[PDB]
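Numbering (the entry's author numbering), first residue to last: 1 to 44.
What follows is one structure encoded as structure tokens, with my remarks underneath.
Structure follows, in structure tokens:
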């Protein structure tokens, strides 16, 4: 949904453009922590 609209993910972490929300980063981080995965594997 947000990926591609100022939102992109790398290997272990995600990053957004200036002025964009970090909600995807937070959610992907939480999912990574819960599952023991990586933000680059999670989508948003």
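No residue lacks a Cβ here, since even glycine has one placed at the ideal position from N, Cα and C.
By the 10 Å Cβ neighbour count, where 16 or more other Cβ atoms means buried, how is residue i classified, buried or exposed?
i: residue 26; result: exposed
i: residue 5; result: exposed
i: residue 28; result: buried
So, helix, strand or coil for residue i, using DSSP?
i: residue 14; result: strand
i: residue 9; result: strand
Between residue i and the rest of its own chain, which residues show a CB-CB distance below 6 Å, the 5 nearest in sequence each way excluded?
i: residue 31; result: 42
i: residue 13; result: 39
Taking 8 Å as the threshold (C-beta atoms), are residue j and residue i in contact?
i: residue 10; j: residue 40; result: yes
i: residue 15; j: residue 8; result: yes
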